[PDB]
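Engineer: Sharing protein29.cif below, mmCIF, C-alpha atoms:
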data_input
loop_
_atom_site.group_PDB
_atom_site.id
_atom_site.type_symbol
_atom_site.label_atom_id
_atom_site.label_comp_id
_atom_site.auth_asym_id
_atom_site.auth_seq_id
_atom_site.Cartn_x
_atom_site.Cartn_y
_atom_site.Cartn_z
ATOM 1 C CA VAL A 1 -10.100 45.751 44.232
ATOM 2 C CA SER A 2 -13.189 44.384 46.025
ATOM 3 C CA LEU A 3 -15.586 46.556 48.008
ATOM 4 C CA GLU A 4 -14.764 44.446 51.124
ATOM 5 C CA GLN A 5 -11.033 45.130 50.651
ATOM 6 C CA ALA A 6 -11.632 48.825 50.052
ATOM 7 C CA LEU A 7 -13.697 49.024 53.278
ATOM 8 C CA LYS A 8 -11.014 47.060 55.138
ATOM 9 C CA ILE A 9 -8.508 49.655 53.885
ATOM 10 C CA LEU A 10 -10.445 52.682 55.096
ATOM 11 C CA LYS A 11 -10.905 51.062 58.456
ATOM 12 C CA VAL A 12 -7.219 50.031 58.843
ATOM 13 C CA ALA A 13 -6.029 53.520 57.885
ATOM 14 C CA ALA A 14 -8.364 54.899 60.553
ATOM 15 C CA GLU A 15 -7.051 52.360 63.129
ATOM 16 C CA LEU A 16 -3.560 53.501 62.136
ATOM 17 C CA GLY A 17 -4.348 57.233 62.009
ATOM 18 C CA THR A 18 -2.821 57.563 58.546
ATOM 19 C CA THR A 19 -4.116 58.451 55.158
ATOM 20 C CA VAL A 20 -5.315 55.510 53.150
ATOM 21 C CA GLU A 21 -2.401 55.976 50.641
ATOM 22 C CA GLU A 22 0.124 55.537 53.448
ATOM 23 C CA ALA A 23 -1.829 52.496 54.807
ATOM 24 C CA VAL A 24 -1.954 50.949 51.386
ATOM 25 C CA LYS A 25 1.751 51.476 50.851
ATOM 26 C CA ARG A 26 2.463 49.825 54.154
ATOM 27 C CA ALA A 27 0.152 46.955 53.225
ATOM 28 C CA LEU A 28 1.678 46.470 49.798
ATOM 29 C CA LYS A 29 5.222 46.517 51.335
ATOM 30 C CA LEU A 30 4.221 43.636 53.651
ATOM 31 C CA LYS A 31 2.475 41.683 50.937
ATOM 32 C CA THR A 32 5.597 41.620 48.845
ATOM 33 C CA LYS A 33 7.934 40.946 51.827
ATOM 34 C CA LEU A 34 5.852 37.922 52.912
ATOM 35 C CA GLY A 35 4.166 36.772 49.695
ATOM 36 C CA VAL A 36 0.800 37.048 51.482
ATOM 37 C CA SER A 37 -2.478 38.436 50.185
ATOM 38 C CA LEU A 38 -3.479 42.032 50.608
ATOM 39 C CA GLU A 39 -6.302 40.799 52.904
ATOM 40 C CA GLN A 40 -3.716 39.062 55.109
ATOM 41 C CA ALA A 41 -1.339 42.075 55.039
ATOM 42 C CA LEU A 42 -4.132 44.360 56.264
ATOM 43 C CA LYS A 43 -5.071 41.875 58.989
ATOM 44 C CA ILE A 44 -1.427 42.078 60.177
ATOM 45 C CA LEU A 45 -1.430 45.892 60.235
ATOM 46 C CA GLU A 46 -4.852 45.801 62.088
ATOM 47 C CA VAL A 47 -3.453 43.435 64.712
ATOM 48 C CA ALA A 48 -0.337 45.623 65.303
ATOM 49 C CA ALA A 49 -2.580 48.730 65.818
ATOM 50 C CA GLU A 50 -4.831 46.644 68.188
ATOM 51 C CA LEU A 51 -1.752 45.152 69.890
ATOM 52 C CA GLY A 52 -0.224 48.615 70.222
ATOM 53 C CA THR A 53 3.022 47.052 68.868
ATOM 54 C CA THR A 54 5.037 47.208 65.647
ATOM 55 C CA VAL A 55 4.017 45.526 62.405
ATOM 56 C CA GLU A 56 7.358 43.657 62.771
ATOM 57 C CA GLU A 57 6.688 42.212 66.250
ATOM 58 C CA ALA A 58 3.149 41.187 65.321
ATOM 59 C CA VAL A 59 4.502 39.237 62.362
ATOM 60 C CA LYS A 60 7.234 37.753 64.549
ATOM 61 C CA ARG A 61 4.773 36.529 67.243
ATOM 62 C CA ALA A 62 2.275 35.272 64.624
ATOM 63 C CA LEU A 63 4.729 32.959 62.795
ATOM 64 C CA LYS A 64 5.849 31.702 66.230
ATOM 65 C CA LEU A 65 2.200 30.786 66.908
ATOM 66 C CA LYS A 66 1.676 29.398 63.375
ATOM 67 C CA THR A 67 4.609 26.986 63.870
ATOM 68 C CA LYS A 68 3.864 26.318 67.542
ATOM 69 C CA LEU A 69 0.163 25.335 67.123
ATOM 70 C CA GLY A 70 -0.001 24.548 63.382
ATOM 71 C CA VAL A 71 -2.760 27.084 62.840
ATOM 72 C CA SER A 72 -3.205 29.310 59.793
ATOM 73 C CA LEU A 73 -1.772 32.811 59.907
ATOM 74 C CA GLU A 74 -5.317 34.266 60.114
ATOM 75 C CA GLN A 75 -6.076 32.066 63.083
ATOM 76 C CA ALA A 76 -2.723 32.983 64.780
ATOM 77 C CA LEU A 77 -3.590 36.621 64.290
ATOM 78 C CA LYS A 78 -7.132 36.331 65.740
ATOM 79 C CA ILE A 79 -5.669 34.498 68.774
ATOM 80 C CA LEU A 80 -3.112 37.271 69.304
ATOM 81 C CA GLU A 81 -5.941 39.790 68.984
ATOM 82 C CA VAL A 82 -8.277 38.033 71.358
ATOM 83 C CA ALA A 83 -5.491 37.582 73.994
ATOM 84 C CA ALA A 84 -4.689 41.319 73.798
ATOM 85 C CA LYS A 85 -8.380 42.281 74.174
ATOM 86 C CA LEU A 86 -8.817 39.743 77.056
ATOM 87 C CA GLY A 87 -5.641 40.969 78.777
ATOM 88 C CA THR A 88 -4.396 37.405 78.950
ATOM 89 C CA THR A 89 -1.616 35.190 77.512
ATOM 90 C CA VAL A 90 -2.274 33.472 74.175
ATOM 91 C CA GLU A 91 -2.054 30.110 76.070
ATOM 92 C CA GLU A 92 -4.931 31.320 78.180
ATOM 93 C CA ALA A 93 -6.928 32.733 75.228
ATOM 94 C CA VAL A 94 -6.542 29.380 73.425
ATOM 95 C CA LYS A 95 -7.667 27.454 76.634
ATOM 96 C CA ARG A 96 -10.894 29.470 76.874
ATOM 97 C CA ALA A 97 -11.562 29.178 73.097
ATOM 98 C CA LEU A 98 -11.303 25.331 73.437
ATOM 99 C CA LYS A 99 -13.535 25.277 76.537
ATOM 100 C CA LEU A 100 -16.060 27.276 74.467
ATOM 101 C CA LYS A 101 -15.761 24.959 71.467
ATOM 102 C CA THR A 102 -16.504 21.956 73.752
ATOM 103 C CA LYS A 103 -19.270 23.766 75.636
ATOM 104 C CA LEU A 104 -21.160 24.584 72.397
ATOM 105 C CA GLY A 105 -19.922 22.496 69.408
ATOM 106 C CA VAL A 106 -18.534 25.515 67.457
ATOM 107 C CA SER A 107 -15.283 26.014 65.575
ATOM 108 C CA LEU A 108 -12.111 27.602 67.061
ATOM 109 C CA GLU A 109 -12.775 30.565 64.742
ATOM 110 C CA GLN A 110 -16.259 30.960 66.190
ATOM 111 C CA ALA A 111 -15.068 30.548 69.817
ATOM 112 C CA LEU A 112 -12.540 33.279 69.236
ATOM 113 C CA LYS A 113 -15.096 35.669 67.787
ATOM 114 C CA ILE A 114 -17.375 35.101 70.761
ATOM 115 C CA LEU A 115 -14.593 35.810 73.189
ATOM 116 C CA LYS A 116 -13.654 38.980 71.312
ATOM 117 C CA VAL A 117 -17.272 40.163 71.128
ATOM 118 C CA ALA A 118 -17.781 39.519 74.889
ATOM 119 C CA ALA A 119 -14.585 41.413 75.584
ATOM 120 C CA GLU A 120 -15.624 44.322 73.426
ATOM 121 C CA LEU A 121 -19.067 44.500 75.043
ATOM 122 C CA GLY A 122 -17.648 44.049 78.523
ATOM 123 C CA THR A 123 -20.184 41.280 79.009
ATOM 124 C CA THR A 124 -19.599 37.667 80.213
ATOM 125 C CA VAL A 125 -19.159 35.002 77.522
ATOM 126 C CA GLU A 126 -22.408 33.343 78.533
ATOM 127 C CA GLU A 127 -24.347 36.557 78.203
ATOM 128 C CA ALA A 128 -22.778 37.293 74.743
ATOM 129 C CA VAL A 129 -23.792 33.788 73.574
ATOM 130 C CA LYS A 130 -27.288 34.387 74.872
ATOM 131 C CA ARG A 131 -27.598 37.668 72.955
ATOM 132 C CA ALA A 132 -26.158 36.154 69.738
ATOM 133 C CA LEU A 133 -28.328 33.018 69.965
ATOM 134 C CA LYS A 134 -31.407 35.213 70.350
ATOM 135 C CA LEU A 135 -30.640 37.136 67.157
ATOM 136 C CA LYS A 136 -29.818 33.867 65.419
ATOM 137 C CA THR A 137 -33.342 32.668 66.213
ATOM 138 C CA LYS A 138 -35.183 35.945 65.576
ATOM 139 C CA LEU A 139 -33.726 36.590 62.124
ATOM 140 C CA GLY A 140 -32.415 33.161 61.048
ATOM 141 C CA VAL A 141 -28.821 34.473 60.643
ATOM 142 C CA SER A 142 -25.653 32.473 61.190
ATOM 143 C CA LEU A 143 -23.792 32.671 64.478
ATOM 144 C CA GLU A 144 -21.132 34.962 62.846
ATOM 145 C CA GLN A 145 -23.710 37.345 61.565
ATOM 146 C CA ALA A 146 -25.353 37.511 64.960
ATOM 147 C CA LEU A 147 -21.930 38.404 66.459
ATOM 148 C CA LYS A 148 -21.242 41.108 63.773
ATOM 149 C CA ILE A 149 -24.559 42.696 64.613
ATOM 150 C CA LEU A 150 -23.596 42.726 68.328
ATOM 151 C CA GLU A 151 -20.331 44.682 67.738
ATOM 152 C CA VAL A 152 -21.757 47.160 65.248
ATOM 153 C CA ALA A 153 -24.612 48.111 67.661
ATOM 154 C CA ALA A 154 -21.900 48.730 70.277
ATOM 155 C CA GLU A 155 -19.722 50.766 67.946
ATOM 156 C CA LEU A 156 -22.759 52.882 67.128
ATOM 157 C CA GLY A 157 -24.216 53.116 70.655
ATOM 158 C CA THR A 158 -27.607 51.957 69.446
ATOM 159 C CA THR A 159 -29.628 48.757 69.996
ATOM 160 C CA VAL A 160 -29.141 45.672 67.929
ATOM 161 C CA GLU A 161 -32.659 46.269 66.545
ATOM 162 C CA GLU A 162 -31.708 49.636 65.156
ATOM 163 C CA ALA A 163 -28.410 48.187 63.893
ATOM 164 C CA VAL A 164 -30.416 45.549 62.032
ATOM 165 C CA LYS A 165 -32.893 48.193 60.725
ATOM 166 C CA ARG A 166 -30.063 50.186 59.197
ATOM 167 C CA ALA A 167 -28.161 47.286 57.765
ATOM 168 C CA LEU A 168 -31.324 46.035 55.984
ATOM 169 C CA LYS A 169 -31.896 49.622 54.723
ATOM 170 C CA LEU A 170 -28.402 49.408 53.201
ATOM 171 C CA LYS A 171 -28.831 45.978 51.618
ATOM 172 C CA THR A 172 -31.840 47.624 50.014
ATOM 173 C CA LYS A 173 -30.431 51.069 49.111
ATOM 174 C CA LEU A 174 -27.242 49.539 47.562
ATOM 175 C CA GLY A 175 -28.035 45.927 46.777
ATOM 176 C CA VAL A 176 -25.218 44.468 48.951
ATOM 177 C CA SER A 177 -25.372 41.477 51.369
ATOM 178 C CA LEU A 178 -26.064 41.824 55.072
ATOM 179 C CA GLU A 179 -22.337 41.226 55.879
ATOM 180 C CA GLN A 180 -21.299 44.013 53.579
ATOM 181 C CA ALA A 181 -23.928 46.368 54.984
ATOM 182 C CA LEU A 182 -22.649 45.680 58.503
ATOM 183 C CA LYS A 183 -19.028 46.361 57.414
ATOM 184 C CA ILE A 184 -20.049 49.685 55.876
ATOM 185 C CA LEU A 185 -21.824 50.711 59.044
ATOM 186 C CA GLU A 186 -18.843 49.598 61.149
ATOM 187 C CA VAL A 187 -16.571 51.501 58.752
ATOM 188 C CA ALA A 188 -18.613 54.819 58.838
ATOM 189 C CA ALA A 189 -18.805 54.779 62.641
ATOM 190 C CA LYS A 190 -15.019 54.180 62.833
ATOM 191 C CA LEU A 191 -14.396 57.047 60.352
ATOM 192 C CA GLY A 192 -16.918 59.266 62.121
ATOM 193 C CA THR A 193 -18.743 59.887 58.859
ATOM 194 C CA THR A 194 -22.189 59.173 57.299
ATOM 195 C CA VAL A 195 -22.573 55.859 55.471
ATOM 196 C CA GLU A 196 -22.988 57.893 52.214
ATOM 197 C CA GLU A 197 -19.577 59.417 52.747
ATOM 198 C CA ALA A 198 -17.989 56.085 53.678
ATOM 199 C CA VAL A 199 -19.411 54.409 50.593
ATOM 200 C CA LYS A 200 -18.408 57.326 48.370
ATOM 201 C CA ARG A 201 -14.801 57.021 49.637
ATOM 202 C CA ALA A 202 -14.932 53.248 49.299
ATOM 203 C CA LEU A 203 -16.097 53.498 45.707
ATOM 204 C CA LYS A 204 -13.549 56.332 45.221
ATOM 205 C CA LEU A 205 -10.869 54.080 46.736
ATOM 206 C CA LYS A 206 -11.945 51.231 44.457
ATOM 207 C CA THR A 207 -9.475 52.385 41.789
ATOM 208 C CA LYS A 208 -6.595 50.806 43.805
#
Write out the structure in this file as structure tokens.
Structural biologist:
Amino acid sequence: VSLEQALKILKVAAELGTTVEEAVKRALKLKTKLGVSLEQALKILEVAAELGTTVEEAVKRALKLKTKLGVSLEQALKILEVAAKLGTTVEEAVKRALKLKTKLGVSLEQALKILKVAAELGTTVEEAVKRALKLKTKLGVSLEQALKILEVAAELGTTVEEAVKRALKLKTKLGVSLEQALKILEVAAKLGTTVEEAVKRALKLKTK
């Protein structure tokens, strides 16, 4: 059990309002029923809790999208998730994700993350791009990392500079990457706990 998966578990349980044991059971049931990875199974459970629908409907609509557009399951699930957060149809979420790809030269995956981040911030797309591009240039991070920093600052209710400060203090305290430090911070905020506590549980959970 990876630290990323363990953190993903804590977070999904929180999103679901269950204990982690119950979340895990639910995720292992799906994994077997679909022959998917644990990572995928948790993504499906996350999307149902963000859709405010059933695990079963999420799955149903995802495979419909998979077959319809020929995308991966992950991609189908982000699309469903972005459309929900945008309040739009998936046809419309896909149209905007393509107009962003063209407008910037980025992948579908990246377009969709931008759209989601703008939605979460309640900012325009153009303004989210501006903020992400500025971090990209100030710290030499990838686009995706710039976007993770944006969300986490929001989640915390602090500035991206203080988000960055803390994440770097974690890379240092624990010897993890920047991505992992951002996940841990996202996860402690979501759980409403200190990062020490989140990590302790994550390590504690890493006997699954």
Engineer: For the atom pair CA of residue 169 (chain A) and CA of residue 121 (chain A), what is the interatomic distance in Å to one decimal place?
Structural biologist: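 Here the two named atoms are 24.6 Å from each other.
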Engineer: What does the structure give for the distance between CA of residue 93 (chain A) and CA of residue 137 (chain A), in Å to one decimal?
Structural biologist: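 Separating CA of residue 93 (chain A) from CA of residue 137 (chain A) is a distance of 27.9 Å.
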Engineer: Identify the residues within 8 Å of coordinate (-17.2, 26.8, 70.8) (same frame as the file), considering all atoms listed in the file, and give the answer as a PyMOL selection string.
Structural biologist: chain A and resi 97-108+110-111
Engineer: Go through A:4, A:81, A:151, A:196 and flag the residue nearest residue 173 (chain A), using all atoms listed in the file for the distances.
Structural biologist: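 Of A:4, A:81, A:151, A:196, the one nearest residue 173 (chain A) is A:196, counting all atoms listed in the file.
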Engineer: Please determine an axis-aligned box that encloses all atoms of region 185-202 of chain A listed in the file, with 4 Å added on each side, and express its centre and edge lengths in Å to one decimal as lines of an AutoDock Vina configuration file.
Structural biologist:
center_x = -18.7
center_y = 54.7
center_z = 55.6
size_x = 16.6
size_y = 18.3
size_z = 22.5
Engineer: Env of residue 55 (chain A): 12 Å cut, atoms = all atoms listed in the file, seq-sep filter 2 positions within chain, self excluded. Answer as a PDB file with C-alpha atoms, keeping the file's coordinate frame.
Structural biologist:
ATOM      1  CA  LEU A  16      -3.560  53.501  62.136  1.00  0.00           C
ATOM      2  CA  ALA A  23      -1.829  52.496  54.807  1.00  0.00           C
ATOM      3  CA  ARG A  26       2.463  49.825  54.154  1.00  0.00           C
ATOM      4  CA  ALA A  27       0.152  46.955  53.225  1.00  0.00           C
ATOM      5  CA  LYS A  29       5.222  46.517  51.335  1.00  0.00           C
ATOM      6  CA  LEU A  30       4.221  43.636  53.651  1.00  0.00           C
ATOM      7  CA  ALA A  41      -1.339  42.075  55.039  1.00  0.00           C
ATOM      8  CA  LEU A  42      -4.132  44.360  56.264  1.00  0.00           C
ATOM      9  CA  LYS A  43      -5.071  41.875  58.989  1.00  0.00           C
ATOM     10  CA  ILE A  44      -1.427  42.078  60.177  1.00  0.00           C
ATOM     11  CA  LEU A  45      -1.430  45.892  60.235  1.00  0.00           C
ATOM     12  CA  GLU A  46      -4.852  45.801  62.088  1.00  0.00           C
ATOM     13  CA  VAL A  47      -3.453  43.435  64.712  1.00  0.00           C
ATOM     14  CA  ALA A  48      -0.337  45.623  65.303  1.00  0.00           C
ATOM     15  CA  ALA A  49      -2.580  48.730  65.818  1.00  0.00           C
ATOM     16  CA  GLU A  50      -4.831  46.644  68.188  1.00  0.00           C
ATOM     17  CA  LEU A  51      -1.752  45.152  69.890  1.00  0.00           C
ATOM     18  CA  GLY A  52      -0.224  48.615  70.222  1.00  0.00           C
ATOM     19  CA  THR A  53       3.022  47.052  68.868  1.00  0.00           C
ATOM     20  CA  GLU A  57       6.688  42.212  66.250  1.00  0.00           C
ATOM     21  CA  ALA A  58       3.149  41.187  65.321  1.00  0.00           C
ATOM     22  CA  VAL A  59       4.502  39.237  62.362  1.00  0.00           C
ATOM     23  CA  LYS A  60       7.234  37.753  64.549  1.00  0.00           C
ATOM     24  CA  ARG A  61       4.773  36.529  67.243  1.00  0.00           C
ATOM     25  CA  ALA A  62       2.275  35.272  64.624  1.00  0.00           C
ATOM     26  CA  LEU A  77      -3.590  36.621  64.290  1.00  0.00           C
TER      27      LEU A  77
END
Engineer: Record the distance separating CA of residue 132 (chain A) and CA of residue 146 (chain A), expressed in Å with one decimal.
Structural biologist: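 Calculated distance between CA of residue 132 (chain A) and CA of residue 146 (chain A) is 5.0 Å.
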Engineer: I'd like the residues picked by the PyMOL selection byres ((chain A and resi 7) around 12) written out as a PyMOL selection string, using the chain letters and numbers from the file.
Structural biologist: chain A and resi 1-6+8-14+20+39+42+179-188+190-191+195+197-206+208
Engineer: For the structure shown, which residues end up in the PyMOL selection byres ((chain A and resi 116) around 9)? Put them as a count of residues only, please?
Structural biologist: 16
Engineer: Residues near residue 152 (chain A), anyone? I mean within 7 Å using all atoms listed in the file, not counting same-chain ones fewer than 2 positions away, as a PDB file with C-alpha atoms, keeping the file's coordinate frame.
Structural biologist:
ATOM      1  CA  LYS A 148     -21.242  41.108  63.773  1.00  0.00           C
ATOM      2  CA  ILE A 149     -24.559  42.696  64.613  1.00  0.00           C
ATOM      3  CA  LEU A 150     -23.596  42.726  68.328  1.00  0.00           C
ATOM      4  CA  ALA A 154     -21.900  48.730  70.277  1.00  0.00           C
ATOM      5  CA  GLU A 155     -19.722  50.766  67.946  1.00  0.00           C
ATOM      6  CA  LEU A 156     -22.759  52.882  67.128  1.00  0.00           C
ATOM      7  CA  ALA A 163     -28.410  48.187  63.893  1.00  0.00           C
ATOM      8  CA  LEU A 182     -22.649  45.680  58.503  1.00  0.00           C
ATOM      9  CA  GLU A 186     -18.843  49.598  61.149  1.00  0.00           C
TER      10      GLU A 186
END
Engineer: Residue 66 (chain A): which residues within 10 Å, counting only C-alpha atoms, same-chain residues fewer than 5 positions away excluded, as a list in words?
Structural biologist: residues 61, 71, 72, 73, 74, 75, 76 and 77 of chain A
Engineer: Could you check the closest approach to residue 159 (chain A) for each of A:175, A:131, A:65, A:54 and tell me which residue wins, using all atoms listed in the file?
Structural biologist: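 Checking each candidate against residue 159 (chain A), we get A:131 as the closest.
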Engineer: Determine the residue membership of the PyMOL selection byres ((chain A and resi 138-140) around 12) for the file above and supply it as JSON, numbers by chain.
Structural biologist: {"A": [131, 132, 133, 134, 135, 136, 137, 141, 142, 143, 144, 145, 146, 149, 160, 161, 164, 165, 168, 178]}
Engineer: Only N, CA and C atoms, please: region 31-64 of chain A from the block, as an mmCIF file, in the first residue's frame.
Structural biologist:
data_model
loop_
_atom_site.group_PDB
_atom_site.id
_atom_site.type_symbol
_atom_site.label_atom_id
_atom_site.label_comp_id
_atom_site.auth_asym_id
_atom_site.auth_seq_id
_atom_site.Cartn_x
_atom_site.Cartn_y
_atom_site.Cartn_z
ATOM 1 N N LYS A 31 -13.409 -3.131 -7.005
ATOM 2 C CA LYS A 31 -12.190 -3.537 -7.651
ATOM 3 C C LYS A 31 -12.371 -4.930 -8.182
ATOM 4 N N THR A 32 -12.914 -5.794 -7.346
ATOM 5 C CA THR A 32 -13.176 -7.164 -7.735
ATOM 6 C C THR A 32 -14.286 -7.208 -8.799
ATOM 7 N N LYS A 33 -15.399 -6.517 -8.562
ATOM 8 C CA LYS A 33 -16.533 -6.513 -9.500
ATOM 9 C C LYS A 33 -16.143 -6.019 -10.882
ATOM 10 N N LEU A 34 -15.150 -5.134 -10.986
ATOM 11 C CA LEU A 34 -14.805 -4.552 -12.297
ATOM 12 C C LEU A 34 -13.433 -4.951 -12.831
ATOM 13 N N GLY A 35 -12.655 -5.638 -12.002
ATOM 14 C CA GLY A 35 -11.257 -5.940 -12.328
ATOM 15 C C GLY A 35 -10.355 -4.719 -12.488
ATOM 16 N N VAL A 36 -10.726 -3.617 -11.836
ATOM 17 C CA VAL A 36 -9.965 -2.367 -11.925
ATOM 18 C C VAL A 36 -8.945 -2.304 -10.798
ATOM 19 N N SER A 37 -8.041 -1.345 -10.867
ATOM 20 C CA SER A 37 -7.160 -1.082 -9.727
ATOM 21 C C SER A 37 -7.909 -0.457 -8.551
ATOM 22 N N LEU A 38 -7.298 -0.562 -7.393
ATOM 23 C CA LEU A 38 -7.717 0.156 -6.224
ATOM 24 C C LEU A 38 -7.795 1.654 -6.454
ATOM 25 N N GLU A 39 -6.779 2.215 -7.131
ATOM 26 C CA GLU A 39 -6.704 3.644 -7.478
ATOM 27 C C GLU A 39 -7.963 4.002 -8.263
ATOM 28 N N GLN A 40 -8.236 3.250 -9.325
ATOM 29 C CA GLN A 40 -9.461 3.470 -10.112
ATOM 30 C C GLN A 40 -10.734 3.347 -9.270
ATOM 31 N N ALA A 41 -10.815 2.315 -8.418
ATOM 32 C CA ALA A 41 -12.028 2.075 -7.623
ATOM 33 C C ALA A 41 -12.318 3.262 -6.721
ATOM 34 N N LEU A 42 -11.262 3.811 -6.108
ATOM 35 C CA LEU A 42 -11.387 4.998 -5.261
ATOM 36 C C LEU A 42 -11.798 6.222 -6.042
ATOM 37 N N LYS A 43 -11.255 6.380 -7.260
ATOM 38 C CA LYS A 43 -11.662 7.476 -8.136
ATOM 39 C C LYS A 43 -13.161 7.365 -8.397
ATOM 40 N N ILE A 44 -13.680 6.143 -8.556
ATOM 41 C CA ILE A 44 -15.126 5.986 -8.850
ATOM 42 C C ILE A 44 -16.020 6.384 -7.659
ATOM 43 N N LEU A 45 -15.642 5.912 -6.481
ATOM 44 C CA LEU A 45 -16.255 6.311 -5.221
ATOM 45 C C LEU A 45 -16.178 7.845 -4.962
ATOM 46 N N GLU A 46 -15.062 8.468 -5.335
ATOM 47 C CA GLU A 46 -14.857 9.944 -5.175
ATOM 48 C C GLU A 46 -15.863 10.653 -6.073
ATOM 49 N N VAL A 47 -15.929 10.211 -7.336
ATOM 50 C CA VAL A 47 -16.820 10.818 -8.308
ATOM 51 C C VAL A 47 -18.304 10.666 -7.920
ATOM 52 N N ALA A 48 -18.720 9.512 -7.392
ATOM 53 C CA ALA A 48 -20.099 9.373 -6.892
ATOM 54 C C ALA A 48 -20.397 10.390 -5.744
ATOM 55 N N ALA A 49 -19.553 10.431 -4.719
ATOM 56 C CA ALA A 49 -19.661 11.462 -3.668
ATOM 57 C C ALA A 49 -19.592 12.927 -4.166
ATOM 58 N N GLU A 50 -18.894 13.204 -5.272
ATOM 59 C CA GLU A 50 -18.869 14.566 -5.852
ATOM 60 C C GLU A 50 -20.078 14.728 -6.779
ATOM 61 N N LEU A 51 -20.456 13.682 -7.504
ATOM 62 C CA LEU A 51 -21.748 13.709 -8.213
ATOM 63 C C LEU A 51 -22.979 13.781 -7.336
ATOM 64 N N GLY A 52 -22.877 13.423 -6.055
ATOM 65 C CA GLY A 52 -24.068 13.207 -5.246
ATOM 66 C C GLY A 52 -24.981 12.168 -5.926
ATOM 67 N N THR A 53 -24.403 11.049 -6.371
ATOM 68 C CA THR A 53 -25.169 9.943 -6.964
ATOM 69 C C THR A 53 -24.670 8.634 -6.344
ATOM 70 N N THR A 54 -25.161 7.517 -6.863
ATOM 71 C CA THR A 54 -24.710 6.214 -6.377
ATOM 72 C C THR A 54 -23.486 5.763 -7.147
ATOM 73 N N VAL A 55 -22.578 5.098 -6.420
ATOM 74 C CA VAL A 55 -21.483 4.330 -7.024
ATOM 75 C C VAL A 55 -21.945 3.675 -8.338
ATOM 76 N N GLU A 56 -23.100 3.026 -8.290
ATOM 77 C CA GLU A 56 -23.624 2.272 -9.466
ATOM 78 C C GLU A 56 -23.986 3.128 -10.715
ATOM 79 N N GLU A 57 -24.466 4.342 -10.467
ATOM 80 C CA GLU A 57 -24.859 5.215 -11.576
ATOM 81 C C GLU A 57 -23.586 5.812 -12.172
ATOM 82 N N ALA A 58 -22.669 6.196 -11.296
ATOM 83 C CA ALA A 58 -21.395 6.770 -11.727
ATOM 84 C C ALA A 58 -20.714 5.829 -12.723
ATOM 85 N N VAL A 59 -20.542 4.588 -12.276
ATOM 86 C CA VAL A 59 -20.008 3.519 -13.103
ATOM 87 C C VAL A 59 -20.756 3.447 -14.427
ATOM 88 N N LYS A 60 -22.090 3.367 -14.341
ATOM 89 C CA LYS A 60 -22.933 3.254 -15.515
ATOM 90 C C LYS A 60 -22.628 4.379 -16.482
ATOM 91 N N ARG A 61 -22.708 5.636 -16.018
ATOM 92 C CA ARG A 61 -22.433 6.803 -16.918
ATOM 93 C C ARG A 61 -20.989 6.889 -17.452
ATOM 94 N N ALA A 62 -20.045 6.437 -16.640
ATOM 95 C CA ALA A 62 -18.627 6.389 -17.059
ATOM 96 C C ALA A 62 -18.374 5.445 -18.241
ATOM 97 N N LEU A 63 -18.887 4.216 -18.169
ATOM 98 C CA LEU A 63 -18.639 3.235 -19.242
ATOM 99 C C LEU A 63 -19.347 3.709 -20.522
ATOM 100 N N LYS A 64 -20.527 4.310 -20.357
ATOM 101 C CA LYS A 64 -21.214 4.982 -21.466
ATOM 102 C C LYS A 64 -20.318 6.027 -22.128
#
